[PDB]
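*Asks:* The following block contains the structure, expressed as structure tokens.
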Amino acid sequence: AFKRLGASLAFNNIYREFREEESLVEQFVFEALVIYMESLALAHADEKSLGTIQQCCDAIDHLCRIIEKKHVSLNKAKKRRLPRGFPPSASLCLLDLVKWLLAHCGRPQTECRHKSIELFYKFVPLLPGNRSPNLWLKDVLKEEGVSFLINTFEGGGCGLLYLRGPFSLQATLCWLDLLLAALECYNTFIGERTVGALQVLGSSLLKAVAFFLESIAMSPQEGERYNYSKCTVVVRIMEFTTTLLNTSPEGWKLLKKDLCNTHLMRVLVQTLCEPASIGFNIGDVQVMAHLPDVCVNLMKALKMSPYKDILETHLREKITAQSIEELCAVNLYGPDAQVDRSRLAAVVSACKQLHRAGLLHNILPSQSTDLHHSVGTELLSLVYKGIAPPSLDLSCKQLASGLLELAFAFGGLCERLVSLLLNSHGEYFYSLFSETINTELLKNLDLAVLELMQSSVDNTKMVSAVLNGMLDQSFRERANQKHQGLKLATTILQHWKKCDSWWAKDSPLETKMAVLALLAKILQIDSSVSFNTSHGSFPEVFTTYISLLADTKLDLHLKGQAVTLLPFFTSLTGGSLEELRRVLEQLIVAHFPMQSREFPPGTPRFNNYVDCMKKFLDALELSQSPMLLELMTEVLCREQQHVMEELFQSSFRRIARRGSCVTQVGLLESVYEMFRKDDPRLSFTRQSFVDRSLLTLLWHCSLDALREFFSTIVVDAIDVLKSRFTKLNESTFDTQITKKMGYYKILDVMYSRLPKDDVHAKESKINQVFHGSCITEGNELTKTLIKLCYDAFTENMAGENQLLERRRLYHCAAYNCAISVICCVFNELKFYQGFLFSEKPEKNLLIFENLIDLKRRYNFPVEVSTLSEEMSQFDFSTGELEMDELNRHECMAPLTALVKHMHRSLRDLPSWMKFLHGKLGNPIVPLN
């Protein structure tokens, strides 16, 4: 056996070669195919575990694939070289090859028969007639002899009470194997349309199956091999009579009563009820899997045939209702181990196959009232009483599962169960059975929910429980159903008028969170299709959600479920949005302190703060809405620094790439609006928005082509950047100061990350800042912007005693704008002798000396898969060196990035090296 694997591996490692070569694929490819098929024939009963069959079948369909690529063009005449089993001829085009496969189709080796059939059925259309097996087979049959195909179908095998007890003599297996061989010969030819159903029926096969039906019912360690080789044949007998009966029934009267008598319709009964006596034992897996499809196919082929009464008169004596009435005892949980159990299991299995075959009322018709398999109603009643005292098992649970499913496979019976389910005392039944009742109740949707929801305000606990059960069991196979879930959700959406004393007032504080979790279930159970544009009962569910945000309720820690629902609620408009803003202010100003911390950091109250703001960040983290953004931004910049500052920045950069480039500039415009309006403000609050609210967005990758906020805001504040500092009053001058500082910050961050060849260029970058397509160059706004930021911090601060600490910030932000535009321009040559350096002190000018403080001495201290999925199903069920002081200046780091850029741009350098030495080589400048 280990000798052929060498040659087969060798061909699997040379077959990709020598197909690219002549003078060798022209003489012995037929000999190669027949010799590999013949070695397959020698390796018939060796083993499947050795893997040789896989190797040689891979070899032969790897060589047929390369004979079909060329012999379509070259089925021509030449002096070939002979195979084993041929006479010496001079031309071997394809004719005696396909006739060889025709003659040796009835080789009684099983792995060769399938390969010969599936070779010939694709080797047909290469005869130059290019015909089909219907007409070609009769075309050559008519001039050779019609009784030659039965000789082919019998091969050389056209032909005791000692063998009543089965024995395994070395030719008895050959007779049974010849029976199976001749049986599986004509199976493919009857399933296909090669010859007529009576062109071969006209049988010796009928005499053989008559002998075997007379001899079916029948060395103890080799007889089981004879059992297996016996029981591999009767299933193909059943397959053959299915493919004969479900074809054209011209032979359904030619099939005489020598085989369709009580023998076949008795062994089918024995296949159904307890087939562990005919040889189909326990332990096999492949044939025990391939049994009840063809065993049901035999019944579903026979109901189109006039032997349906034969089936009734051979079945109603065996699988009568008297059997399933008499098998039920009283004490089912005790020493009565298997004497009822295995027989009832086999019977319930057989009736399940019967119901799959579609003969339940055809076999055991129903009774008095209507639509009631009364056997099934009594099975339900006995299953319900079977636990009423009270023991348990596992195989008895499998008994009860199959038994209840057989009781419920009849039809419209579930309303009896809904009537049963209400009085432990009853809920114990749904406790002990939870996977069967839910998948039964899923089946008759759109009417079970009404019978359920009628019983609502009387047994609210059990109906809420069974709703949660069917909801979560629908979520389990949400990856399989995916339409039953949304239909169940939209049907329970259409019955909200029955549960009005649930989301209401003066109910005890359990039902509110119960229906809240039910809302979370029914809304996360689908995607975002059942919420929008007048889908269902949207206003009633909305106003119940609004009334659930009450004040007698639980305060905060289950409102997190409500705020995680808020991604669904937020696509509507004002009114409802105004109600939303009112109730969100009503919660924020009643549950969040004004100070920075305002709590001990060890109490649960600080963890409650982190809890609620984490939930609010969870809400905003997946619905980029301009309402929640301002809702956190107004509670953020109340004190100067709260606890979770890094969380807000990480979430802002998380929002900054989330898609929908339209709405990003919308969020930009919303927070710019809450910056920009006339209002009573603090200059800290007016500064912190443009400081650390939208710069986190703009600095992060918002969109590299969002030039809308670039073009459409510049001539809205370039006038106030050119306007007059009206020095009259504190609470009007400081506002203009902060506004100019904010426009400086925005211009800084836009000319930070923006190239020169798309703003400097002669395009629509200019046509929006200036009125239409004007005459222009590279610096039109970036000359007057340079002019106004250099108007800043070059007029001396002699008569300047109004607000100095903020004017330092003003000069700092204006020089930040100056350095951002001087790097964003095309850095052409020594324009730094004209701008950015060399102030003229004859008019008392200054550059560094205005923004450096010079009235503070710094310290300088002494040295400074799939199971996370199966867990998430349960989760659905319940839920730079450093900065010290001088680096801490928010001007020095862009300055050193600037001079580093001027390094990596190309005596002493004029404006920034020699002039800066001249500012430092003498103590004409002070210490700071």
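Following the order of the structure tokens, first chain is A, next is B, and so on, with residues numbered from 1 inside each chain and ligands from 1 in the order they appear.
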Which neighbours of residue 609 of chain A fall inside 12 Å, counting only C-alpha atoms, when residues of the same chain fewer than 4 positions from it are skipped, and could you give them as number ranges by chain?

*Replies:* A: 556-557, 560, 588, 591-593, 596-601, 603-605, 613-616, 642-644

*Asks:* Go through segment 648-733 of chain A and collect every residue that DSSP, computed from the backbone, puts in alpha helix (DSSP H); the answer should be as a VMD selection string.

*Replies:* chain A and resid 648 to 656 661 to 676 683 to 692 695 to 699 708 to 711 714 to 717 730 to 733

*Asks:* Excluding residue 502 of chain A and any residue of its chain fewer than 4 positions from it, enumerate the residues within 10 Å of it, using only C-alpha atoms, and give them as a list in words.

*Replies:* residues 456, 457, 460, 498, 506, 507, 508, 510, 511, 512, 513, 514, 515, 516 and 544 of chain A

*Asks:* Would you save the residues of that selection, restricted to N, CA and C atoms, as a tab-separated table (two decimals), in the first residue's frame?

*Replies:*
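Written file, result.tsv:
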```tsv
chain	number	residue	atom	x	y	z
A	456	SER	N	-51.25	42.59	30.38
A	456	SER	CA	-50.13	43.47	30.69
A	456	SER	C	-50.16	43.99	32.12
A	457	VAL	N	-51.24	44.66	32.53
A	457	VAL	CA	-51.22	45.38	33.80
A	457	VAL	C	-51.64	44.51	34.97
A	460	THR	N	-47.55	42.02	35.37
A	460	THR	CA	-46.51	42.82	34.73
A	460	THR	C	-45.11	42.22	34.88
A	498	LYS	N	-51.03	50.13	25.49
A	498	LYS	CA	-51.50	49.16	26.47
A	498	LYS	C	-50.67	49.17	27.75
A	506	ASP	N	-46.29	58.16	40.02
A	506	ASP	CA	-46.75	57.47	41.23
A	506	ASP	C	-46.76	55.96	41.08
A	507	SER	N	-45.83	55.46	40.34
A	507	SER	CA	-45.45	54.07	40.30
A	507	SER	C	-44.24	53.86	41.20
A	508	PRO	N	-44.11	52.69	41.83
A	508	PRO	CA	-42.91	52.41	42.64
A	508	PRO	C	-41.66	52.36	41.78
A	510	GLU	N	-39.20	50.81	40.67
A	510	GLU	CA	-38.57	49.67	40.00
A	510	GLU	C	-39.04	49.55	38.57
A	511	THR	N	-40.31	49.83	38.32
A	511	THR	CA	-40.88	49.67	36.99
A	511	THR	C	-40.34	50.70	36.02
A	512	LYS	N	-39.94	51.87	36.54
A	512	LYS	CA	-39.38	52.92	35.70
A	512	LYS	C	-38.06	52.48	35.08
A	513	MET	N	-37.14	51.98	35.90
A	513	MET	CA	-35.89	51.47	35.35
A	513	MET	C	-36.09	50.16	34.61
A	514	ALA	N	-37.13	49.40	34.96
A	514	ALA	CA	-37.46	48.19	34.20
A	514	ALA	C	-37.81	48.53	32.76
A	515	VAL	N	-38.74	49.47	32.56
A	515	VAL	CA	-39.09	49.86	31.21
A	515	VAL	C	-37.98	50.67	30.56
A	516	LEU	N	-37.10	51.29	31.34
A	516	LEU	CA	-35.94	51.96	30.76
A	516	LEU	C	-34.98	50.95	30.12
A	544	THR	N	-42.54	59.58	26.65
A	544	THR	CA	-42.29	58.71	27.80
A	544	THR	C	-40.84	58.79	28.24
```

*Asks:* Please list as a PyMOL selection string every residue within 12 Å of residue 855 of chain A, counting only C-alpha atoms and excluding residues in the same chain fewer than 4 positions away.

*Replies:* chain A and resi 804-805+849-851+926-928

*Asks:* Can I get the selection written as a JSON list (two decimals), in the first residue's frame, with N, CA and C atoms?

*Replies:*
```json
[["chain", "number", "residue", "atom", "x", "y", "z"],
["A", 804, "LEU", "N", -2.82, 95.71, 31.46],
["A", 804, "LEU", "CA", -1.50, 95.40, 30.94],
["A", 804, "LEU", "C", -1.25, 93.91, 30.78],
["A", 805, "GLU", "N", -1.74, 93.10, 31.72],
["A", 805, "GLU", "CA", -1.51, 91.66, 31.68],
["A", 805, "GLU", "C", -2.18, 91.02, 30.46],
["A", 849, "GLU", "N", 10.54, 93.42, 23.72],
["A", 849, "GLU", "CA", 10.44, 94.12, 24.99],
["A", 849, "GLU", "C", 9.00, 94.41, 25.39],
["A", 850, "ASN", "N", 8.05, 94.25, 24.47],
["A", 850, "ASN", "CA", 6.66, 94.49, 24.82],
["A", 850, "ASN", "C", 6.02, 93.24, 25.42],
["A", 851, "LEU", "N", 6.31, 92.07, 24.85],
["A", 851, "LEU", "CA", 5.67, 90.85, 25.34],
["A", 851, "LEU", "C", 6.44, 90.19, 26.46],
["A", 926, "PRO", "N", 17.62, 95.13, 29.80],
["A", 926, "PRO", "CA", 17.61, 94.69, 31.20],
["A", 926, "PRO", "C", 17.74, 93.18, 31.37],
["A", 927, "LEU", "N", 17.58, 92.73, 32.62],
["A", 927, "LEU", "CA", 17.91, 91.36, 32.99],
["A", 927, "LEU", "C", 16.89, 90.35, 32.48],
["A", 928, "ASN", "N", 15.62, 90.73, 32.36],
["A", 928, "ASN", "CA", 14.59, 89.75, 32.02],
["A", 928, "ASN", "C", 14.66, 89.36, 30.55]]
```

*Asks:* Can you pull out the residues contacting residue 803 of chain A? Cut-off 12 Å, using only C-alpha atoms, and skip same-chain residues under 5 positions away; I want them as a PyMOL selection string.

*Replies:* chain A and resi 727+729-731+733-735+737-738+797+808-810

*Asks:* Each residue of segment 348-395 of chain A with at least one atom at most 9 Å from segment 266-272 of chain A should appear once, together with its nearest atom pair and the corresponding distance in Å (one decimal); atoms considered: only C-alpha atoms; ordering: chain, then increasing residue number; output as a tab-separated table.

*Replies:*
```
residue	atom	partner	partner_atom	distance
A:349	CA	A:272	CA	8.1
A:350	CA	A:272	CA	5.1
A:351	CA	A:272	CA	8.4
A:353	CA	A:272	CA	8.1
A:354	CA	A:272	CA	8.8
```

*Asks:* Show me, as a list in words, the residues that have an atom within 6 Å of segment 186-196 of chain A when counting only C-alpha atoms, minus same-chain residues fewer than 2 positions from it.

*Replies:* residues 133, 134, 184, 198, 199, 240 and 243 of chain A

*Asks:* What lies within 12 Å of segment 916-923 of chain A using only C-alpha atoms, ignoring chain neighbours under 3 positions off, as a ChimeraX atom specification?

*Replies:* /A:837-839,846-849,908-913,926-928

*Asks:* For N, CA, C and O atoms, I'd like the residues from the last selection saved as a PDB file, in the first residue's frame.

*Replies:*
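Result written to out_25.pdb:
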```pdb
ATOM      1  N   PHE A 837      11.905  91.932  12.108  1.00  0.00           N
ATOM      2  CA  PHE A 837      13.106  92.318  12.829  1.00  0.00           C
ATOM      3  C   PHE A 837      13.288  93.815  12.658  1.00  0.00           C
ATOM      4  O   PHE A 837      12.540  94.468  11.925  1.00  0.00           O
ATOM      5  N   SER A 838      14.333  94.333  13.313  1.00  0.00           N
ATOM      6  CA  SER A 838      14.886  95.685  13.148  1.00  0.00           C
ATOM      7  C   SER A 838      13.812  96.766  13.310  1.00  0.00           C
ATOM      8  O   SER A 838      13.441  97.468  12.368  1.00  0.00           O
ATOM      9  N   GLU A 839      13.293  96.851  14.529  1.00  0.00           N
ATOM     10  CA  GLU A 839      12.416  97.959  14.871  1.00  0.00           C
ATOM     11  C   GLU A 839      13.203  99.265  14.868  1.00  0.00           C
ATOM     12  O   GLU A 839      14.400  99.295  15.158  1.00  0.00           O
ATOM     13  N   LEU A 846       9.784  98.628  19.573  1.00  0.00           N
ATOM     14  CA  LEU A 846      10.194  97.504  20.405  1.00  0.00           C
ATOM     15  C   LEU A 846       9.555  96.237  19.857  1.00  0.00           C
ATOM     16  O   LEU A 846       8.445  96.285  19.327  1.00  0.00           O
ATOM     17  N   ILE A 847      10.262  95.112  19.969  1.00  0.00           N
ATOM     18  CA  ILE A 847       9.739  93.851  19.453  1.00  0.00           C
ATOM     19  C   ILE A 847       9.577  92.849  20.586  1.00  0.00           C
ATOM     20  O   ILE A 847       8.458  92.443  20.918  1.00  0.00           O
ATOM     21  N   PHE A 848      10.690  92.453  21.197  1.00  0.00           N
ATOM     22  CA  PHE A 848      10.636  91.486  22.282  1.00  0.00           C
ATOM     23  C   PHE A 848      10.193  92.146  23.573  1.00  0.00           C
ATOM     24  O   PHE A 848       9.510  91.522  24.400  1.00  0.00           O
ATOM     25  N   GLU A 849      10.539  93.422  23.724  1.00  0.00           N
ATOM     26  CA  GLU A 849      10.438  94.124  24.991  1.00  0.00           C
ATOM     27  C   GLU A 849       9.001  94.413  25.391  1.00  0.00           C
ATOM     28  O   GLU A 849       8.754  94.779  26.546  1.00  0.00           O
ATOM     29  N   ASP A 908      28.324  86.884  10.086  1.00  0.00           N
ATOM     30  CA  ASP A 908      27.142  86.453  10.815  1.00  0.00           C
ATOM     31  C   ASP A 908      25.871  86.765  10.036  1.00  0.00           C
ATOM     32  O   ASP A 908      25.862  87.598   9.125  1.00  0.00           O
ATOM     33  N   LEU A 909      24.797  86.076  10.400  1.00  0.00           N
ATOM     34  CA  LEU A 909      23.501  86.309   9.775  1.00  0.00           C
ATOM     35  C   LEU A 909      22.969  87.657  10.242  1.00  0.00           C
ATOM     36  O   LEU A 909      23.030  87.952  11.442  1.00  0.00           O
ATOM     37  N   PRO A 910      22.476  88.505   9.339  1.00  0.00           N
ATOM     38  CA  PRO A 910      22.209  89.910   9.683  1.00  0.00           C
ATOM     39  C   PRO A 910      21.108  90.168  10.704  1.00  0.00           C
ATOM     40  O   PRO A 910      21.362  90.780  11.745  1.00  0.00           O
ATOM     41  N   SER A 911      19.893  89.693  10.438  1.00  0.00           N
ATOM     42  CA  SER A 911      18.748  90.180  11.199  1.00  0.00           C
ATOM     43  C   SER A 911      18.540  89.397  12.488  1.00  0.00           C
ATOM     44  O   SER A 911      18.074  89.957  13.486  1.00  0.00           O
ATOM     45  N   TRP A 912      18.878  88.111  12.492  1.00  0.00           N
ATOM     46  CA  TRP A 912      18.545  87.241  13.607  1.00  0.00           C
ATOM     47  C   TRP A 912      19.749  86.695  14.353  1.00  0.00           C
ATOM     48  O   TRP A 912      19.570  86.108  15.425  1.00  0.00           O
ATOM     49  N   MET A 913      20.963  86.876  13.840  1.00  0.00           N
ATOM     50  CA  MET A 913      22.163  86.494  14.570  1.00  0.00           C
ATOM     51  C   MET A 913      22.971  87.711  14.999  1.00  0.00           C
ATOM     52  O   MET A 913      23.171  87.931  16.197  1.00  0.00           O
ATOM     53  N   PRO A 926      17.623  95.130  29.801  1.00  0.00           N
ATOM     54  CA  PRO A 926      17.615  94.686  31.202  1.00  0.00           C
ATOM     55  C   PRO A 926      17.739  93.180  31.374  1.00  0.00           C
ATOM     56  O   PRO A 926      17.971  92.436  30.415  1.00  0.00           O
ATOM     57  N   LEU A 927      17.584  92.733  32.623  1.00  0.00           N
ATOM     58  CA  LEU A 927      17.911  91.359  32.991  1.00  0.00           C
ATOM     59  C   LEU A 927      16.889  90.351  32.477  1.00  0.00           C
ATOM     60  O   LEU A 927      17.259  89.219  32.163  1.00  0.00           O
ATOM     61  N   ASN A 928      15.616  90.732  32.364  1.00  0.00           N
ATOM     62  CA  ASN A 928      14.592  89.753  32.019  1.00  0.00           C
ATOM     63  C   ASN A 928      14.657  89.357  30.552  1.00  0.00           C
ATOM     64  O   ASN A 928      14.579  88.169  30.223  1.00  0.00           O
TER      65      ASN A 928
END
```

*Asks:* Could you check the closest approach to residue 343 of chain A for each of A:451, A:461, A:323, A:902 and tell me which residue wins, using only C-alpha atoms?

*Replies:*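 Distance minimum relative to residue 343 of chain A lands on A:323.
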
*Asks:* Of the residues A:8, A:887, A:116, A:670, which is the one nearest to residue 103 of chain A, using only C-alpha atoms?

*Replies:*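 Selected residue with least distance to residue 103 of chain A: A:116.
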
*Asks:* Rank nothing, just name the residue among A:580, A:728, A:197, A:311 nearest to residue 255 of chain A, using only C-alpha atoms.

*Replies:* A:197
